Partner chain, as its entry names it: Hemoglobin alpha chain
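Read the single chain below, which is given as structure tokens and is the form solved without its partner chain.
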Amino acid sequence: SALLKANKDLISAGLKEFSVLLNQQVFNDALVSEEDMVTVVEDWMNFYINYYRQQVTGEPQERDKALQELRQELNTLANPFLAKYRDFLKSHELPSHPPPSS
């Protein structure tokens, strides 16, 4: 295999859609439970991984490779979303995160 456009198309498509999912949040007025948003993020990732896992007709190498890239891709795309939300909700009313604190 090495790298077929089909794999890149599926991965990029999943990565793009994911980015739109994470960005489509309402980062403006921090309200609502954090665990709720966070649970939603994890819930989506699991749903995506589970679905993508069954969307692979390649050998265990192709499947594992695409599976590892999918998981790592979600962590990298989810990382900014979860870190941005955290700092965002933890920023308003108290800048708890930067040097000026302890």
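Numbering follows the first chain given and starts at 1.
There is also a form solved in complex with its partner chain; it is not shown, and the following applies to it.
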Can any non-hydrogen atom of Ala30 be found within 4.5 angstroms of its partner chain in the bound PDB entry? yes
Exercise: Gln25 in contact with its partner chain in the bound PDB entry, heavy atom 4.5 Å: yes
Does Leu21 reach its partner chain in the bound PDB entry, with heavy atoms at most 4.5 Å apart? yes
In the bound PDB entry, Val40 touching its partner chain (heavy atom, 4.5 Å): yes
Taking its partner chain as it sits in the bound PDB entry, which residues of 48-87 have a non-hydrogen atom within 4.5 Å of it? Please list them. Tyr48, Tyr51, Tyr52
